[PDB]
Amino acid sequence: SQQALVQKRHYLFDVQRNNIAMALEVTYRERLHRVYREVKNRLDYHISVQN
Amino acid sequence: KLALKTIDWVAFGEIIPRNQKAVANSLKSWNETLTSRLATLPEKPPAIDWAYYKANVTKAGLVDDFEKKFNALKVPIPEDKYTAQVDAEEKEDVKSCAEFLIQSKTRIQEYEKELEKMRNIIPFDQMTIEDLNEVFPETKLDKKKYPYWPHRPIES
Amino acid sequence: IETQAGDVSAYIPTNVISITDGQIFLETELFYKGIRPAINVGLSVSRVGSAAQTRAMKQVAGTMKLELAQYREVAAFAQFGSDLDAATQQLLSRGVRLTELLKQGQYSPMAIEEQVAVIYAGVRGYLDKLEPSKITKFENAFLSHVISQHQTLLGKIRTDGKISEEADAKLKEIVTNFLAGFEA
């Protein structure tokens with residue numbers, strides 16, 4: 001059984017690896033959404049001032 | 001740009017020490033929350049149109065200025081500098097797990113040696129007292145601190 | 001329509017109950033007691049009944065309504081502990097657990113397939129002895145699980161109509177696996 005637990009020792013480190021990859025990809029997508037939000041704010045502010 | 005490997009989260013429970021069980025709970029619940037946070041976001045909104053916003057905003061120069069400064073705006077992915085540490089610590093714990101593996105192989109081989117000895121035993125009809133002390137020294141009368149007959153204390 | 005002091009016998013509530021057929025009754029003491037949305041219930045009735053459900057929700061949630069009726073009447077006479085055999089504590093256990101199933105936060109509606117999944121996890125066993133304060137975290141982690149790696153199976157449930165027998169035993173297996181991961 002301890003042999004079986006020896007064999008499974010590439011799961012925890014994989015969980016850390018894809019945790020870091022998902023956190024970084026979410027952070028880059030938040031960069032994208034954020035700059036979309038502020039340029040959206042600029043153009044909608046100009047449109048509302050003209051209105 | 002994601003590389004994902006999903007596991008069944010049972011060996012994640014079978015794999016952890018008592019020392020880092022609370023931190024493993026924290027990392028598991030944080031990874032669950034972060035996977036849900038990934039799932040809540042679609043990939044990207046569409047690009048900001050400029051014919052409609054050029055016709056609406058009559059401010060000359062501004063719409064082409066924002067079009068040039070936005071559609072030629074690029075930002076890099078926030079870096080990691082941790083994956084190398086995670087993979088090197090992975091390789092180190094795999095090497096320590098491999099020496100633990102070979103030590104367990106020697107241990108189970110010694111177990112099998114004792115078991116093949118013990119199945120192939122004298123059937124207790126041909127057994128002497130000396131051979132019975134040889135096959136296991138649990139029951140040997142030590143004859144030191146009890147050197148007289150009998151070589152146990154009498155109350156035993 | 002609002003009443004005043006819960007007086008259903010006023011003129012406008014009797015008229016507007018008489019014209020309509022479906023009616024959802026909120027008494028308010030369950031709003032301050034803890035269930036949200038505060039349907040206090042047996043007064044509320046839908047005359048079209050099972051005809052206006054999906055086939056899965058009809059296959060699951062009729063025994064839930066009959067069990068809630070049994071639970072309400074046995075708790076009403078055994079407020080003080082009239083007689084407690086195994087059947088009465090079974091009725092109060094399943095009734096309290098389904099009461100905490102029917103709690104739901106404001107402005108968060110869910111689709112029909114997740115409702116079939118969670119009332120399947122509540123009515124078809126697997127939640128009867130699980131500490132009724134822990135039902136809400138069970139809801140959150142269960143919806144996270146099923147939205148995490150079971151989207152195509154929910155597509156099978158909502159597009160096939162009925163919850164099929166392979167999907168039935170699969171929901172049994174997934175709620176059993178999640179009961180393990182919930183006592184993990």
# chains A, B, ... in the order shown; residues from 1 in each chain; ligands from 1
>>> closest_atom_pairs(of="chain C", to="chain B", cutoff="10 Å", atoms="only C-alpha atoms", output="JSON lines")
{"residue": "C:141", "atom": "CA", "partner": "B:32", "partner_atom": "CA", "distance": 8.8}
{"residue": "C:144", "atom": "CA", "partner": "B:36", "partner_atom": "CA", "distance": 6.8}
{"residue": "C:145", "atom": "CA", "partner": "B:32", "partner_atom": "CA", "distance": 8.7}
{"residue": "C:147", "atom": "CA", "partner": "B:36", "partner_atom": "CA", "distance": 8.3}
{"residue": "C:148", "atom": "CA", "partner": "B:36", "partner_atom": "CA", "distance": 7.1}
{"residue": "C:149", "atom": "CA", "partner": "B:6", "partner_atom": "CA", "distance": 9.6}
{"residue": "C:177", "atom": "CA", "partner": "B:10", "partner_atom": "CA", "distance": 9.5}
{"residue": "C:180", "atom": "CA", "partner": "B:10", "partner_atom": "CA", "distance": 9.1}
{"residue": "C:181", "atom": "CA", "partner": "B:10", "partner_atom": "CA", "distance": 8.0}
{"residue": "C:184", "atom": "CA", "partner": "B:13", "partner_atom": "CA", "distance": 7.7}
>>> residues_around(residues="residue A:31", least_positions_apart="5", cutoff="12 Å", atoms="only C-alpha atoms", output="PyMOL selection string")
(chain A and resi 24-26+36-38) or (chain B and resi 43-44+73-78)
>>> write_last_selection(atoms="C-alpha atoms", output="CSV table (one decimal), in the first residue's frame")
chain,number,residue,atom,x,y,z
A,24,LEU,CA,-2.0,33.7,-14.0
A,25,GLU,CA,-4.4,33.2,-16.9
A,26,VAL,CA,-7.3,34.7,-14.8
A,36,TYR,CA,-11.9,47.2,-21.9
A,37,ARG,CA,-13.8,48.7,-19.0
A,38,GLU,CA,-11.8,52.0,-18.8
B,43,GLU,CA,-12.7,34.5,-22.8
B,44,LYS,CA,-12.9,38.1,-24.1
B,73,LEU,CA,-2.3,48.5,-27.2
B,74,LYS,CA,-0.7,45.2,-26.1
B,75,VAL,CA,0.1,44.1,-22.6
B,76,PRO,CA,2.1,41.0,-21.6
B,77,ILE,CA,1.0,38.1,-19.4
B,78,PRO,CA,2.0,38.5,-15.7
>>> residues_around(residues="stretch 83-88 of chain C", least_positions_apart="3", cutoff="12 Å", atoms="only C-alpha atoms", output="PyMOL selection string")
chain C and resi 67+70-80+91-95
>>> write_last_selection(atoms="N, CA and C atoms", output="JSON list (two decimals), in the first residue's frame")
[["chain", "number", "residue", "atom", "x", "y", "z"],
["C", 67, "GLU", "N", -43.94, 14.27, 1.49],
["C", 67, "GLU", "CA", -43.12, 14.16, 2.69],
["C", 67, "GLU", "C", -43.18, 15.44, 3.51],
["C", 70, "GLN", "N", -46.42, 15.38, 5.43],
["C", 70, "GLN", "CA", -46.27, 14.48, 6.58],
["C", 70, "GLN", "C", -45.44, 15.12, 7.69],
["C", 71, "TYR", "N", -44.33, 15.76, 7.31],
["C", 71, "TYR", "CA", -43.44, 16.43, 8.25],
["C", 71, "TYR", "C", -44.12, 17.56, 8.99],
["C", 72, "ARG", "N", -44.87, 18.40, 8.26],
["C", 72, "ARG", "CA", -45.56, 19.51, 8.89],
["C", 72, "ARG", "C", -46.58, 19.04, 9.91],
["C", 73, "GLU", "N", -47.38, 18.02, 9.55],
["C", 73, "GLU", "CA", -48.40, 17.60, 10.51],
["C", 73, "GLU", "C", -47.81, 16.85, 11.70],
["C", 74, "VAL", "N", -46.73, 16.07, 11.50],
["C", 74, "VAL", "CA", -46.15, 15.38, 12.66],
["C", 74, "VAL", "C", -45.39, 16.35, 13.56],
["C", 75, "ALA", "N", -44.76, 17.39, 13.01],
["C", 75, "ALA", "CA", -44.13, 18.37, 13.87],
["C", 75, "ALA", "C", -45.17, 19.20, 14.60],
["C", 76, "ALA", "N", -46.31, 19.45, 13.95],
["C", 76, "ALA", "CA", -47.37, 20.24, 14.57],
["C", 76, "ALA", "C", -48.00, 19.51, 15.75],
["C", 77, "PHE", "N", -48.20, 18.19, 15.66],
["C", 77, "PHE", "CA", -48.71, 17.62, 16.91],
["C", 77, "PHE", "C", -47.59, 17.20, 17.87],
["C", 78, "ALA", "N", -46.43, 16.79, 17.38],
["C", 78, "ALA", "CA", -45.29, 16.49, 18.25],
["C", 78, "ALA", "C", -44.35, 17.68, 18.40],
["C", 79, "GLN", "N", -44.92, 18.86, 18.70],
["C", 79, "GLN", "CA", -44.11, 19.99, 19.15],
["C", 79, "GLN", "C", -43.37, 19.70, 20.44],
["C", 80, "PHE", "N", -43.97, 18.94, 21.36],
["C", 80, "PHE", "CA", -43.39, 18.70, 22.67],
["C", 80, "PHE", "C", -42.73, 17.33, 22.81],
["C", 91, "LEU", "N", -39.15, 11.31, 9.83],
["C", 91, "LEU", "CA", -39.97, 12.36, 9.24],
["C", 91, "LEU", "C", -39.43, 13.74, 9.56],
["C", 92, "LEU", "N", -39.06, 13.98, 10.83],
["C", 92, "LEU", "CA", -38.50, 15.28, 11.18],
["C", 92, "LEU", "C", -37.13, 15.50, 10.57],
["C", 93, "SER", "N", -36.33, 14.44, 10.43],
["C", 93, "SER", "CA", -35.01, 14.58, 9.81],
["C", 93, "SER", "C", -35.14, 14.95, 8.34],
["C", 94, "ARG", "N", -35.93, 14.18, 7.58],
["C", 94, "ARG", "CA", -36.08, 14.48, 6.16],
["C", 94, "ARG", "C", -36.79, 15.81, 5.94],
["C", 95, "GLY", "N", -37.72, 16.17, 6.84],
["C", 95, "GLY", "CA", -38.41, 17.44, 6.71],
["C", 95, "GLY", "C", -37.51, 18.64, 6.96]]
>>> closest_atom_pairs(of="chain A", to="chain B", cutoff="8 Å", atoms="only C-alpha atoms", output="JSON lines")
{"residue": "A:3", "atom": "CA", "partner": "B:101", "partner_atom": "CA", "distance": 6.7}
{"residue": "A:5", "atom": "CA", "partner": "B:15", "partner_atom": "CA", "distance": 6.8}
{"residue": "A:6", "atom": "CA", "partner": "B:97", "partner_atom": "CA", "distance": 6.4}
{"residue": "A:8", "atom": "CA", "partner": "B:11", "partner_atom": "CA", "distance": 7.1}
{"residue": "A:9", "atom": "CA", "partner": "B:94", "partner_atom": "CA", "distance": 7.2}
{"residue": "A:10", "atom": "CA", "partner": "B:90", "partner_atom": "CA", "distance": 7.8}
{"residue": "A:11", "atom": "CA", "partner": "B:12", "partner_atom": "CA", "distance": 6.8}
{"residue": "A:12", "atom": "CA", "partner": "B:12", "partner_atom": "CA", "distance": 6.2}
{"residue": "A:13", "atom": "CA", "partner": "B:90", "partner_atom": "CA", "distance": 6.3}
{"residue": "A:14", "atom": "CA", "partner": "B:5", "partner_atom": "CA", "distance": 7.0}
{"residue": "A:15", "atom": "CA", "partner": "B:5", "partner_atom": "CA", "distance": 7.9}
{"residue": "A:16", "atom": "CA", "partner": "B:86", "partner_atom": "CA", "distance": 7.6}
{"residue": "A:17", "atom": "CA", "partner": "B:83", "partner_atom": "CA", "distance": 6.9}
{"residue": "A:18", "atom": "CA", "partner": "B:4", "partner_atom": "CA", "distance": 5.5}
{"residue": "A:19", "atom": "CA", "partner": "B:31", "partner_atom": "CA", "distance": 6.1}
{"residue": "A:20", "atom": "CA", "partner": "B:83", "partner_atom": "CA", "distance": 7.9}
{"residue": "A:21", "atom": "CA", "partner": "B:2", "partner_atom": "CA", "distance": 6.4}
{"residue": "A:22", "atom": "CA", "partner": "B:2", "partner_atom": "CA", "distance": 6.8}
{"residue": "A:23", "atom": "CA", "partner": "B:34", "partner_atom": "CA", "distance": 7.0}
{"residue": "A:24", "atom": "CA", "partner": "B:78", "partner_atom": "CA", "distance": 6.5}
{"residue": "A:25", "atom": "CA", "partner": "B:2", "partner_atom": "CA", "distance": 6.9}
{"residue": "A:26", "atom": "CA", "partner": "B:38", "partner_atom": "CA", "distance": 6.3}
{"residue": "A:27", "atom": "CA", "partner": "B:78", "partner_atom": "CA", "distance": 7.3}
{"residue": "A:28", "atom": "CA", "partner": "B:77", "partner_atom": "CA", "distance": 5.5}
{"residue": "A:29", "atom": "CA", "partner": "B:43", "partner_atom": "CA", "distance": 7.3}
{"residue": "A:32", "atom": "CA", "partner": "B:44", "partner_atom": "CA", "distance": 7.5}
{"residue": "A:33", "atom": "CA", "partner": "B:44", "partner_atom": "CA", "distance": 7.2}
{"residue": "A:36", "atom": "CA", "partner": "B:45", "partner_atom": "CA", "distance": 8.0}
{"residue": "A:39", "atom": "CA", "partner": "B:70", "partner_atom": "CA", "distance": 7.9}
{"residue": "A:40", "atom": "CA", "partner": "B:48", "partner_atom": "CA", "distance": 7.8}
{"residue": "A:43", "atom": "CA", "partner": "B:53", "partner_atom": "CA", "distance": 7.5}
{"residue": "A:46", "atom": "CA", "partner": "B:57", "partner_atom": "CA", "distance": 6.8}
{"residue": "A:47", "atom": "CA", "partner": "B:57", "partner_atom": "CA", "distance": 6.1}
{"residue": "A:50", "atom": "CA", "partner": "B:57", "partner_atom": "CA", "distance": 7.4}
>>> select_by_dssp(residues="stretch 21-154 of chain C", states="helix (DSSP H, G or I)", output="NGL selection string")
:C and (29-33 or 49-52 or 55-60 or 63-77 or 86-101 or 112-123 or 132-149 or 151-154)
>>> atom_distance(atom1="atom CA of residue B:69", atom2="atom CA of residue B:40")
29.1 Å
>>> residues_around(residues="residue C:38", least_positions_apart="3", cutoff="7 Å", atoms="only C-alpha atoms", output="list in words")
residues 26, 27, 28, 30, 31 and 35 of chain C
>>> write_last_selection(atoms="N, CA and C atoms", output="PDB file, in the first residue's frame")
ATOM      1  N   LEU C  26     -46.686  33.621   1.050  1.00  0.00           N
ATOM      2  CA  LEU C  26     -45.595  33.866   1.960  1.00  0.00           C
ATOM      3  C   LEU C  26     -46.256  34.123   3.308  1.00  0.00           C
ATOM      4  N   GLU C  27     -46.126  33.208   4.280  1.00  0.00           N
ATOM      5  CA  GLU C  27     -46.163  33.872   5.600  1.00  0.00           C
ATOM      6  C   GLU C  27     -44.750  34.362   5.967  1.00  0.00           C
ATOM      7  N   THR C  28     -44.689  35.364   6.863  1.00  0.00           N
ATOM      8  CA  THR C  28     -43.489  36.169   7.120  1.00  0.00           C
ATOM      9  C   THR C  28     -42.649  35.626   8.283  1.00  0.00           C
ATOM     10  N   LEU C  30     -41.610  32.676   8.711  1.00  0.00           N
ATOM     11  CA  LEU C  30     -40.475  31.963   8.146  1.00  0.00           C
ATOM     12  C   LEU C  30     -39.426  32.869   7.533  1.00  0.00           C
ATOM     13  N   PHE C  31     -39.766  34.107   7.170  1.00  0.00           N
ATOM     14  CA  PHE C  31     -38.711  35.010   6.720  1.00  0.00           C
ATOM     15  C   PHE C  31     -37.827  35.419   7.881  1.00  0.00           C
ATOM     16  N   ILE C  35     -35.819  30.747   6.362  1.00  0.00           N
ATOM     17  CA  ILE C  35     -35.904  30.257   4.991  1.00  0.00           C
ATOM     18  C   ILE C  35     -36.140  31.444   4.058  1.00  0.00           C
TER      19      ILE C  35
END
>>> closest_residue(among="C:175, C:41, C:52, C:143", to="residue C:113", atoms="only C-alpha atoms")
C:143
>>> decode(residues="stretch 54-70 of chain B", atoms="N, CA, C and O atoms", output="tab-separated table (two decimals), in the first residue's frame")
chain	number	residue	atom	x	y	z
B	54	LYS	N	-17.46	56.73	-33.87
B	54	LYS	CA	-16.96	57.87	-34.63
B	54	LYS	C	-18.11	58.73	-35.13
B	54	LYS	O	-18.01	59.96	-35.15
B	55	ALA	N	-19.22	58.10	-35.51
B	55	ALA	CA	-20.40	58.85	-35.91
B	55	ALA	C	-21.07	59.53	-34.72
B	55	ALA	O	-21.59	60.65	-34.86
B	56	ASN	N	-21.07	58.88	-33.55
B	56	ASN	CA	-21.68	59.50	-32.38
B	56	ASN	C	-20.81	60.63	-31.84
B	56	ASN	O	-21.25	61.78	-31.75
B	57	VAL	N	-19.57	60.31	-31.47
B	57	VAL	CA	-18.68	61.33	-30.91
B	57	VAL	C	-18.21	62.23	-32.05
B	57	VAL	O	-17.44	61.80	-32.91
B	58	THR	N	-18.68	63.47	-32.05
B	58	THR	CA	-18.29	64.45	-33.04
B	58	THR	C	-16.97	65.12	-32.73
B	58	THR	O	-16.54	65.99	-33.50
B	59	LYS	N	-16.32	64.77	-31.62
B	59	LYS	CA	-15.05	65.38	-31.26
B	59	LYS	C	-13.97	64.88	-32.22
B	59	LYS	O	-13.59	63.71	-32.17
B	60	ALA	N	-13.51	65.77	-33.09
B	60	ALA	CA	-12.57	65.39	-34.14
B	60	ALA	C	-11.19	65.12	-33.55
B	60	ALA	O	-10.75	65.79	-32.61
B	61	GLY	N	-10.52	64.12	-34.10
B	61	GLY	CA	-9.23	63.66	-33.61
B	61	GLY	C	-9.31	62.64	-32.50
B	61	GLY	O	-8.48	61.73	-32.43
B	62	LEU	N	-10.33	62.75	-31.64
B	62	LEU	CA	-10.41	61.93	-30.43
B	62	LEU	C	-10.74	60.48	-30.75
B	62	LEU	O	-10.18	59.57	-30.14
B	63	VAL	N	-11.64	60.24	-31.70
B	63	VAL	CA	-12.06	58.87	-31.99
B	63	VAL	C	-10.96	58.10	-32.70
B	63	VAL	O	-10.69	56.94	-32.38
B	64	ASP	N	-10.26	58.75	-33.64
B	64	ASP	CA	-9.14	58.09	-34.30
B	64	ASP	C	-7.94	57.97	-33.37
B	64	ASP	O	-7.19	56.99	-33.45
B	65	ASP	N	-7.79	58.92	-32.44
B	65	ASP	CA	-6.74	58.85	-31.44
B	65	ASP	C	-6.94	57.67	-30.50
B	65	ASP	O	-6.00	56.91	-30.24
B	66	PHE	N	-8.16	57.50	-29.98
B	66	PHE	CA	-8.46	56.36	-29.12
B	66	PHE	C	-8.43	55.05	-29.89
B	66	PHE	O	-8.03	54.03	-29.33
B	67	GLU	N	-8.83	55.07	-31.17
B	67	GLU	CA	-8.75	53.87	-32.00
B	67	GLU	C	-7.30	53.43	-32.20
B	67	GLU	O	-6.99	52.23	-32.09
B	68	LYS	N	-6.40	54.38	-32.44
B	68	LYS	CA	-4.99	54.06	-32.62
B	68	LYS	C	-4.34	53.64	-31.31
B	68	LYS	O	-3.54	52.69	-31.29
B	69	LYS	N	-4.66	54.32	-30.21
B	69	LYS	CA	-4.02	54.00	-28.94
B	69	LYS	C	-4.63	52.79	-28.25
B	69	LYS	O	-4.01	52.25	-27.32
B	70	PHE	N	-5.81	52.34	-28.67
B	70	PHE	CA	-6.44	51.16	-28.09
B	70	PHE	C	-6.23	49.91	-28.93
B	70	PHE	O	-5.90	48.86	-28.39
